[PDB]
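>>> Turn this into a model:
(4 chains)
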Amino acid sequence: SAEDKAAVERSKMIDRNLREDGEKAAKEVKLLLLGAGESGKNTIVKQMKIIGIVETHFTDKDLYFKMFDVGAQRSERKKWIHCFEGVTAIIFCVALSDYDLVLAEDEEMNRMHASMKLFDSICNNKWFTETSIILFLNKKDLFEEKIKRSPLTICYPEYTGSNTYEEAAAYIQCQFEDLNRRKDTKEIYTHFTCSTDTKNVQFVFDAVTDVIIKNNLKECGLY
Amino acid sequence: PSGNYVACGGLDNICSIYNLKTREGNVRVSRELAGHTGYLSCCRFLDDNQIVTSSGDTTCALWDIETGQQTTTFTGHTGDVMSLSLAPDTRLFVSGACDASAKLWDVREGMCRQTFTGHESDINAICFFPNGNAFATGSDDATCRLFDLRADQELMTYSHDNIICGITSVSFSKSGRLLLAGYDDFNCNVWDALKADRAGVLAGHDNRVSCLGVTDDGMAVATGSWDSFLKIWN
Amino acid sequence: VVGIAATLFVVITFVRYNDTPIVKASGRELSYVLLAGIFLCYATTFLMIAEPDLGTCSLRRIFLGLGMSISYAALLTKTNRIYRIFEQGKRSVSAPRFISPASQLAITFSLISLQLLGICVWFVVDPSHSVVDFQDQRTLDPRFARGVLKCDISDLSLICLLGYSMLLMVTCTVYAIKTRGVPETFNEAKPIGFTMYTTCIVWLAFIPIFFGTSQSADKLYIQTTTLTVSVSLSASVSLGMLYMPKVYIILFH
Amino acid sequence: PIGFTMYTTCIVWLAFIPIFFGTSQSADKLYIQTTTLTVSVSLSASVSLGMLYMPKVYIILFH
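Numbers count the residues shown, from 1 in each chain, chains lettered A, B, ... in the order given. Take a look:
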């Protein structure tokens, strides 16, 4: 019939539109931001803006992409990661003001233990293993101030290191790979993100160009 | 049911309602549903005016497009709910959260009438019997059971020894004689009513099945997996 | 025979020591087909040292052409993938466009099919009959009492090798100038370029002596053996520049 | 780059011995001899800039 004949052309047009949309979305890297409670969730998105999930967009050197902030969500991790299966890059914004606060009334331990537990649950996961988790270090000035005023080994009796700015900023990286079991197909990237200058974004944006190729080589199978 | 309205979920608490039959336009929006704190899991249309949503903060309340606000609120589960199930008579709906229990909820008064427990682990999806005397429930404990509303207990249990995974979705037949339950082994299993025998064995799924749909006539059953393959079985 | 021993040794090392990431960085099937092409270029002289046997002339010409084409195509697709992966990662997230090893084997077989179509057209336009006795270059005045036993497939094979070598040494060197935009550990830009330059200079130094031998009298035996030596040394230097980092990291471990 | 171009020049001059040793008993000897000598010196003068000034041209083309 005429309707059944025009349905073929309508299907062809809608499939062409869907393919165009998929090709446009296949060139946008999907970043998944998460962190602890009020761990610099708003100060990081207010940096590249001038130059309940949250949707943000910003283009750099002719590379447009979308970024998803988890926002405020009090739910379990068994049914929340199923929607986020296949994310290429998970940016964790660890807090540097959680090891000094006292133990919470509801939590069995302080906020730093909850942070490391969330990191362990988001890293030692059986669903996504080929993906990658990057770490962003925010609020470094106040962290250095509070670590020069108050010591850091008083709460961490595991080591006997000194109390400086470089040693403290360098020891927090090696303490994250000991909890990971699979290392041949998983990696963790850590970068320094200052809060005083805006020219640091391009210091980590190219870092994305380091990880994406990885999953691109995931299509190669030569690794 | 009338094919006039359609609504999608979302993790950002944006339950945008859409319609098909529109003048000078294909698909447009008129009202915006908002006010939820937890993530939306599933949505069911009670009728052409009143709809019900399943959020991730133990608020499986009913909503309306005209007023844009919820009418009644359902609460009483210790954990958040992730599945819903309507009834053919359009009078009540059963809801089961991750507390390994399912509760019935009335649309008129809006409160739990009966609680059923007995699952070893949390559940994923629930289905209702076409007649309305009982309802089946699948969980991750590799077990199936149908709680009776009059007997206030389950009739039979569907155990499994060689199955370590769970059930992601459960559904009935046209009248409720045949049982359908999708497992995590990239397939589905068809169970009997009382014999508890795997009469039908499914296969062909490249990825994990998410949810399956059975028509009202019970002729064919469509299944939905993560491999973007909507295969219909008959 | 030294090249056969070396290729057998490197194949044994590849099939025995494959868990290390350095050998896995390069294409497994790619390295296998390149080793097969080098082995074919080696066995060319083994199967050519016999009588002309015009059918054997056709077999030898097809064999050397296929070996040269498959080696050049393997190197070309390697460098093209290394150059294209950077642009694919910079402008897209996951854009598989003939990148899978199956697709690499498919495009290599497509290039081999193109070479076979070319040589089939050449055989259709030129039957390449058995020409063993050459009395035009043999002078009977000084009573030489010698008979030539060289085949008559030299000119066409020479010109086709020259053209294909020019085209491939152009395209591959352009790909090599293209690739060194991002640094990585599997950056085969300088050794590949050096191998291409060595092959080009070998051909450019082989053409004058080849023409002089063809112009000389009673020199039908020298051109074929010097062409064999040139092709064999080109294959040998290619295998050496390919396996030098492999044996280096093997010794380092 | 100096070591690289010197290695290439060494390979070139190593390839110049067989071409002169193999050519014998030919009436076209001196022509091809002077031709190969001229092309050899020309390519040796060319690769001294093609393999040393290419990065120079590149860093010029940057800015």
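>>> secondary structure class for whichever residue of chain C sits closest to chain B?
Per CB to the nearest CB, residue C:94 is where chain C lies closest to chain B, at 15.3 Å. For every residue, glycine as well, the C-beta is placed using N, CA and C. At residue C:94 the chain is in coil, as set by DSSP: H, G, I helix; E, B strand; the rest coil.
>>> That one: neighbouring residues, count only.
Look at residue C:94: counted by other CB atoms under 10 Å in any protein chain shown, it has 16 neighbours.
>>> ditto for residue C:79
Counted with other CB under 10 Å, residue C:79 comes out at 24.
>>> For the residue of chain C closest to chain B, give its distance to chain A.
6 Å (CB to the nearest CB, to the nearest Å).
>>> May I ask which helix or strand encompasses the residue nearest the centre of chain A?
Taking CA atoms, centre = their mean, the centroid of chain A lies closest to residue A:91, which sits 0.9 Å from it. Using DSSP states H and E, residue A:91 sits in strand A:89-94.
>>> what's that strand in contact with?
A:29-36, A:39-41, A:44, A:115, A:119, A:122, A:131-138, A:208, A:211-212 (CB atoms under 8 Å, 6 or more residues apart in numbering or on different chains).
>>> The residue of chain C closest to chain B reaches residue A:26, doesn't it?
Yes - the pair residue C:94 / residue A:26 is scored as a contact, 6.7 Å apart, by CB atoms under 8 Å.
>>> Show the end-to-end separation of stretch B:129-138, please.
14 Å (CA to CA, to the nearest Å).
>>> What is the distance between the strand holding residue A:91 and the centre of its chain?
2 Å (CA atoms, centre = their mean, to the nearest Å).
>>> can you count the residues close to the residue of chain B found nearest chain C?
Residue nearest to chain C within chain B (CB to the nearest CB): residue B:228, separated by 15.3 Å. Residue B:228: 8 surrounding residues under other CB under 10 Å.
>>> I'd like the distance between it and chain A.
11 Å.
>>> still on that earlier bit, any idea how far the residue of chain C closest to chain B is from residue A:213?
Per CB to CB, to the nearest Å, residue C:94 is found 11 Å from residue A:213.
>>> Do a quick rundown of the helices in the stretch 1-150 of chain C.
In the stretch 1-150 of chain C, the helices defined using DSSP state H, counting those that start in this stretch lie at C:2-16, C:21-25, C:28-48, C:54-91, C:101-125.
>>> For these, give me a markdown table that also has distance to residue B:123.
Output for those, formatted as a markdown table (distance: least, CB to CB, whole Å):
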| stretch | distance to residue B:123 |
| --- | --- |
| helix C:2-16 | 51 |
| helix C:21-25 | 44 |
| helix C:28-48 | 46 |
| helix C:54-91 | 42 |
| helix C:101-125 | 43 |
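>>> So for residue C:210, which of the ones you listed sits nearest?
Nearest to residue C:210 among these is helix C:54-91; the distance by CB to CB comes to 15.2 Å.
>>> Could you give the number of residues near the residue of chain B found nearest chain D?
Scanning chain B for the residue nearest chain D gives residue B:12, at 44.9 Å (criterion: CB to the nearest CB). Neighbour count of residue B:12, defined by other CB under 10 Å: 17.
>>> Now do the contacts for it.
Contacts for residue B:12 (CB under 8 Å, 6+ apart) come out as A:52-55, A:71.
>>> Most neighbours among those, which one is it?
residue A:53 (19 neighbours).
>>> Just the element for the nearest residue to that residue once chain neighbours are set aside, please.
Nearest non-adjacent residue to residue A:53, counting by CB to CB, 6 or more residues apart in numbering or on different chains: residue B:12, 4.7 Å away. Residue B:12 belongs to no helix or strand when assigned by DSSP H and E.
>>> go on, residue B:94?
strand B:92-97.
>>> between the helix or strand just after that strand and strand B:92-97, how many degrees?
Counting by DSSP H and E, the next helix or strand C-terminal to strand B:92-97 is strand B:101-106. Orientation of strand B:101-106 against strand B:92-97 (axes from the mean of the first three to the mean of the last three CA atoms, to 10 degrees) gives an angle of 150 degrees.
>>> Could you list the buried residues of strand B:101-106?
B:101-105 (16 or more other CB atoms under 10 Å in any protein chain shown).
>>> can you list those in TSV and add distance to residue A:193?
As requested, the buried residues of strand B:101-106 are exported to TSV (distance: CB to CB, whole Å):
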residue	distance to residue A:193
B:101	45
B:102	47
B:103	47
B:104	51
B:105	48
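>>> nearest to residue A:1, of these?
residue B:105 (46.5 Å).
>>> gap between the closest one and chain A?
21 Å.
>>> For that residue, give me its contacts.
B:60, B:74, B:92-95, B:111-113.
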